[PDB]
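**Q** One structure follows; several queries about it will come next.
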C-alpha cells in the first residue's frame, strides 16, 4: 500500500474559547530524521475554498503565522515520537473548518494524509 497509517479524529468538536489539540500520529518503520522529515498542515474554510498552509516542518517547525489564527497556533507534538499534533489556543467560531496534515518520513515510501473536521460548539448550550 502507498498510504502511511495516520490517526486523526475525522470530526473534532471543541467548545468556543477552549484550547483545542488537533491530534495526529503516524506509523513508520523508520526513525524520524529531522534532516529529511516533512510535514505540512493546512486549513480550508470550505470545500470550495483554498487550502492555506499554517505550519510546516523543514529541518525544524516553521509556524507560518496564518493571520486568521493570530498567534494562537502552536506545535503540540514531537516528530521523533511519531506525533505531529497541533494546538489552537482560545478557539473562536471562525476556526471551524477542514484541517489537513500531510506527512513524509524518508526513506519510507508511504505518504501520509490526515483530515480533521473541526467544529466549534457553544460555551454554554441550553441545558
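Numbers run from 1 along the shown chain.
If you check the header, you will see the structure was determined by X-ray crystallography, 1.5 Å.
Using N, Cα and C of the backbone, Cβ positions are placed for all residues, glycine too.
Look at the PDB entry and you will find 1-3 tagged as expression tag.
Swiss-Prot lists 16, 40, 48 with the feature N-linked glycosylation site. For 24-101, 46-49, the entry in Swiss-Prot reads disulfide bond, with the evidence type experimental evidence. Sequence annotations record features per position, and here Swiss-Prot assigns site 'Binds SCN2A' to 30, 109 based on a curator's inference.
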**Q** Rounded to a whole angstrom, what is the C-alpha distance between residue 101 (disulfide bond) and residue 40 (N-linked glycosylation site)?
**A** 6
**Q** Sequence gap of 6 or more, C-beta under 8 Å: which same-chain residues meet both conditions with respect to residue 109 (site 'Binds SCN2A')?
**A** 2
**Q** To the nearest whole angstrom, state the Cα distance for the pair residue 48 (N-linked glycosylation site) and residue 40 (N-linked glycosylation site).
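**A** If we compare the Cα positions of residue 48 (N-linked glycosylation site) and residue 40 (N-linked glycosylation site), the gap is 20 Å.
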**Q** Quick check for the class: what is the C-alpha distance, in angstrom and rounded, between residue 40 (N-linked glycosylation site) and residue 46 (disulfide bond)?
**A** 19
**Q** If you draw a 10 Å sphere on the Cβ of residue 101 (disulfide bond), how many other Cβ atoms land inside?
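**A** 23, counting other Cβ atoms within 10 Å of residue 101 (disulfide bond).
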